[PDB]
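Note sheet for the following structure.
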Amino acid sequence: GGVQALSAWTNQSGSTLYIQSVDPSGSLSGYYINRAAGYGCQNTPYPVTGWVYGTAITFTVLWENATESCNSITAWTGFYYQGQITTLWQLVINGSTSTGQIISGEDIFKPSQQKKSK
Amino acid sequence: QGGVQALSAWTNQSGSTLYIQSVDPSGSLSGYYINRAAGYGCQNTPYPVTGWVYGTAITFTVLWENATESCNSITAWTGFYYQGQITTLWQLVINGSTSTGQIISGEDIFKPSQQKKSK
Amino acid sequence: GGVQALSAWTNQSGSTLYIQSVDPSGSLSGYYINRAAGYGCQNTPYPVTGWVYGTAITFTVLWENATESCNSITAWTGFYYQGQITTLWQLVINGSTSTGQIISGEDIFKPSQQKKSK
Amino acid sequence: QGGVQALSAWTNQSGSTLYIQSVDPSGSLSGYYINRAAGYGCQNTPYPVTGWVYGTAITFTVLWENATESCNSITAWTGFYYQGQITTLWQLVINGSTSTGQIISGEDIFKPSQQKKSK
Amino acid sequence: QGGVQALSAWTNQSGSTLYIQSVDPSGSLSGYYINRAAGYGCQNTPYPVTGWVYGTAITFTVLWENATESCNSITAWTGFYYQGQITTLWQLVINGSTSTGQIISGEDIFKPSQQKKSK
Amino acid sequence: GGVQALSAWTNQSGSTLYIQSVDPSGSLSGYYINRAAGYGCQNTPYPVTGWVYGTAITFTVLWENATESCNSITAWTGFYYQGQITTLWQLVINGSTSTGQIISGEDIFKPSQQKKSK
Ligand SMILES: O=C(O)CCCC[C@@H]1SC[C@@H]2NC(=O)N[C@@H]21
Ligand SMILES: O=C(O)CCCC[C@@H]1SC[C@@H]2NC(=O)N[C@@H]21
Ligand SMILES: O=C(O)CCCC[C@@H]1SC[C@@H]2NC(=O)N[C@@H]21
Ligand SMILES: O=C(O)CCCC[C@@H]1SC[C@@H]2NC(=O)N[C@@H]21
Ligand SMILES: O=C(O)CCCC[C@@H]1SC[C@@H]2NC(=O)N[C@@H]21
Ligand SMILES: O=C(O)CCCC[C@@H]1SC[C@@H]2NC(=O)N[C@@H]21
């Protein structure tokens, strides 16, 4: 447990980051399920791009999937430290007109370990 | 326009959903499957899809390995868009198999889901 | 000899799968030469996408290259076992209207080993 | 057309420039940052950008590691195109950090640069 | 339209063929080469092409390594589409070379092949 | 020091190749800064694609970035030998009409090593 290729992280509001691939250049690829009260784009998967560099991570999701659109983007900035990813996020809405319309917060993502099945 | 687009979602009768994110010019298909089918591994979490669109023809395959749950298998669907529906035959192979007889068969019919473009 | 990145497999009807790349996520990339009596899209290369997971493999080719089109897609499902990939395939034709128009069969791909030259 | 295009370059007030090479259909953004900001590591060499465009919304993040100079950090900008300008808030995390308080904040306003299509 | 397209095939006078699968918006070229040139390694099997289109300008390079046969070399062509033809100069480098004098030169002229869109 | 993923090479005319990624198939990805007297498309980054195979390398840049266009492509062919990449390059201009309009030359790229900072 650093920040692995094929890891799953769940924040305090129930949402989950599926990192499926971190290539050698540090480039990240995954998808996000939002379960956060009061927000759109819940319960379906959206694509994640970002970067990893040691314990440092950025990732950003576009809120336009096949089932639902919220005309917005989020970008987390954060770090892996003692079994958690602690992040600060910023959310722009399309058509915004000042940095005052940008919404801010903090998510602490705790891991979930890989079950085997069938 | 109608048919198999980028940014289209399709739910089968077992309640599972194919999220098509992207179709290249190439034909290349990329997306997520969420499995919600009674009796199976790997439900309620999303898994990567690769495949191919060609008018109404479509293949797409899912690797059952994400970071919350793995099922040591791959499914490949093969099908066509016909009447506001995608009609597929699927085959499912389990890691370690030694006989084609161990490859499992089914049929899924995917109907378009409700795009709710609002916050 | 598992199912390798950079391997070449030739079925009973003479056709050949060139797997050039299997990334760590298991995602497969290659190209197919069809030599199967009675079929279109013979003797030129078509692109392959698929997945590998242990000895389990899917791959699918679109039958539209630069020289020739057959308005169809094939998808194999199969497994590596004692120096062979044994597969069942299904072929849709664009504009199909029932699952009865879908053609089925079995290919056993045997390997070929890498010659050095110049 | 105007707005956030493929093949558009944007210089902030510290004199740094975002080179946008490609926006997919997807929304996906790919490009280069050259940092020219007084006081920082990793100036005058280009670094990879990933991110996202959505009308006037835009995120983009830079990994400060190319082969001439590395700074053991990532920056993520978040912003919008408004009046022939992209207005961003950035956050910067250093490898090894243990407190959100160590994440650093700023604001960049990027104005379009001069495209000189000639040899 | 005519010129260097996606989904275009081009055979040179030695009988070899460039299969262009995809040109991005970017300019990026992706495809297969089959070498059919008397006297060489690596014939009759397909090899990956990367490169670049820019109106009538075009580079494209082939790595001579697929799973049936490898030749420990790379070829890079450089050329232009002019009169229903692509006219190229190629350079070929062998792994292990120590002198530019060991880089080999030729000229290929590729004429469009016959697209037979039927089953 | 072979030809690495994450290496930087600077030729005799001051230009620099940033190789950020060489995948296992040998496929190369990077970007070029031109500092060569008498040429367009100086001082900004252009995208590189190519191939590596032992000490053999090809790479090609399209001269169309966000800030400046020169309606041209270059392709180097060359090899790594005793801490240098020695190359021969060929430059086509869009709309060229004979192989006589194609410009030729030789670049010897010497390495630069990775500084740490902040
Ligand atoms: O409502 C929207 O515009 C799209 C969904 C936003 C969800 C936000 S992103 C930051 C925070 N973290 C979550 O897990 N959900 C919310
Ligand atoms: O190996 C497993 O059990 C997990 C994947 C199985 C889900 C199958 S795939 C075909 C069928 N159609 C669905 O919607 N789900 C099941
Ligand atoms: O005729 C077509 O529609 C396109 C070519 C189909 C070739 C099929 S795919 C399954 C089988 N395996 C081969 O090697 N060739 C045939
Ligand atoms: O870690 C470092 O010092 C190197 C990168 C810092 C450059 C920063 S990122 C945000 C700010 N805006 C710029 O244009 N450059 C600085
Ligand atoms: O190293 C080898 O011998 C295999 C590749 C050589 C094929 C060359 S590349 C340039 C020339 N043009 C062709 O059509 N084929 C040859
Ligand atoms: O002027 C142009 O058409 C675009 C820039 C060309 C620069 C050439 S490419 C070969 C040579 N090597 C360099 O470093 N610069 C020149």
- prompt: Which ones in the range D:62-119 are among the polar types (S, T, N, Q) and touching a helix residue (DSSP H, G or I) at 6+ places or on another chain (Cβ under 8 Å)?
  reply: none
statement: Counted residues in the range C:31-43 being within 9 Å of another protein chain (Cβ to nearest Cβ) and at negative phi come to 4
task: Could you grab the pairs with beta carbons closer than 8 Å, sequence gap of 6+ or different chains, first residue in the range D:82-94 and under 18 Å from A:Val92 (Cα atoms), second one assigned to a loop (DSSP other than H, G, I, E, B) and among the aliphatic types (A, V, I, L, M)?
output: D:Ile86/D:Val4; D:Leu89/A:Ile102; D:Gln91/D:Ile103; D:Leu92/D:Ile103
query: For the range F:89-118, what are the residues that are more than 16 Å from ligand 4 (Cβ to nearest atom), part of a loop (DSSP other than H, G, I, E, B) and not small (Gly, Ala, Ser)?
result: F:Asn94, F:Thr97, F:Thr99, F:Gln101, F:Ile102, F:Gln113
- request: Filter the range B:104-117 down to residues that are within 17 Å of the chain's Cα centre (by Cα), within 8 Å of another protein chain (Cβ to nearest Cβ) and not hydroxyl-bearing (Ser, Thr, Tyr), then give me how many there are.
  value: 1
- line: Reported set for the range E:4-15 where residues are in contact (Cβ under 8 Å) with a residue 40 or more places away in the chain and loosely packed, with under 13 Cβ neighbours inside 10 Å is E:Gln13
message: Looking at the structure I just gave you, is D:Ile20 under 21 Å from A:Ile73 (Cβ atoms) and either aliphatic (A, V, I, L, M) or within 16 Å of ligand 3 (Cβ to nearest atom) (or both)?
response: yes
- line: Restricting attention to the range B:21-59, the residues that are among the β-branched types (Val, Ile, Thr), in a strand (DSSP E or B), within 8 Å of chain A (Cβ to nearest Cβ) and in contact (Cβ under 8 Å) with a residue 24 or more places away in the chain number exactly 0
- prompt: When the range B:19-46 is examined, which residues are found to be more than 19 Å from A:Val61 (Cα to Cα) and within 9 Å of ligand 2 (Cβ to nearest atom)?
  reply: B:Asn35, B:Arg36, B:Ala37, B:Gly39, B:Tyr40, B:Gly41, B:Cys42, B:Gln43
- prompt: How many residues, within the range C:83-111, are under 15 Å from the mean Cα position of the chain (by Cα), of a type outside the set (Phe, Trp, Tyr), crowded, with 16+ Cβ neighbours inside 10 Å and within 14 Å of chain E (Cβ to nearest Cβ)?
  reply: 4
- prompt: Does C:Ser69 count as free of Cβ contacts under 8 Å to residues at least 12 places away in the same chain, over 14 Å from the mean Cα position of the chain (by Cα) and either within 22 Å of B:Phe60 (Cβ to Cβ) or more than 13 Å from chain E (Cβ to nearest Cβ) (or both)?
  reply: no
task: May I ask you to verify whether C:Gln82 is of a type in the set (S, T, N, Q), touching a residue at least 24 places away in the same chain (Cβ under 8 Å), away from ligand 2 (no atom under 16 Å from the Cβ) and not in a strand (DSSP E or B)?
output: no
- line: Reported set for the range D:1-20 where residues are within 21 Å of A:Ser96 (Cβ to Cβ), of a type in the set (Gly, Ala, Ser) and more than 9 Å from chain F (Cβ to nearest Cβ) is D:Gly2, D:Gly3
task: Mind counting the residues in the range D:35-59 that are farther than 23 Å from E:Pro25 by Cβ and of a type in the set (A, V, I, L, M)?
output: 2
- prompt: So which of A:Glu68, A:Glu106, A:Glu64 ends up being of a type in the set (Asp, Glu) and closer than 21 Å to D:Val23 by Cβ?
  reply: A:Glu64
query: Could you list, in sequence order, the residues of the range F:20-56 that are aliphatic (A, V, I, L, M) and either farther than 21 Å from D:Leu63 by Cα or under 13 Å from the mean Cα position of the chain (by Cα) (or both)?
result: F:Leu28, F:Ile33, F:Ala36, F:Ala37, F:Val48, F:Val52, F:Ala56
query: So which residues in the range D:53-77 are over 14 Å from D:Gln43 (Cα atoms), among the hydroxyl-bearing types (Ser, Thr, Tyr) and more than 12 Å from ligand 4 (Cβ to nearest atom)?
result: D:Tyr54, D:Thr56, D:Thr59
- line: The one condition F:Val52 fails out of (1) under 18 Å from E:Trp52 (Cβ atoms); (2) within 15 Å of ligand 6 (Cβ to nearest atom) is (2)
statement: Restricting the range D:60-91 to residues that are within 12 Å of the chain's Cα centre (by Cα) and within 14 Å of chain F (Cβ to nearest Cβ), the one farthest from ligand 1 (Cβ to nearest atom) turns out to be D:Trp64
task: Quick one: count up the residues across the range A:54-66 that are in a loop (DSSP other than H, G, I, E, B) and either surrounded by fewer than 20 Cβ atoms within 10 Å (Cβ to Cβ) or away from chain B (no Cβ under 12 Å) (or both).
output: 2
task: Inspect the range D:72-83 for any residue being surrounded by fewer than 22 Cβ atoms within 10 Å (Cβ to Cβ), out of contact with any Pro (no Cβ under 6 Å at 6 or more places or on another chain) and in a loop (DSSP other than H, G, I, E, B) and give the result as yes or no.
output: yes
query: For the range E:73-119, how many residues meet the condition of being charged (D, E, K, R), out of contact with any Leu (no Cβ under 8 Å at 6 or more places or on another chain) and near ligand 5 (Cβ under 10 Å from one of its atoms)?
result: 1
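Computed from the coordinates by the stated procedures, all read-outs in this text should not be read as laboratory data. Please note: Cβ atoms are built from the backbone with ideal geometry, for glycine as well, and neighbour counts cover all protein chains shown.
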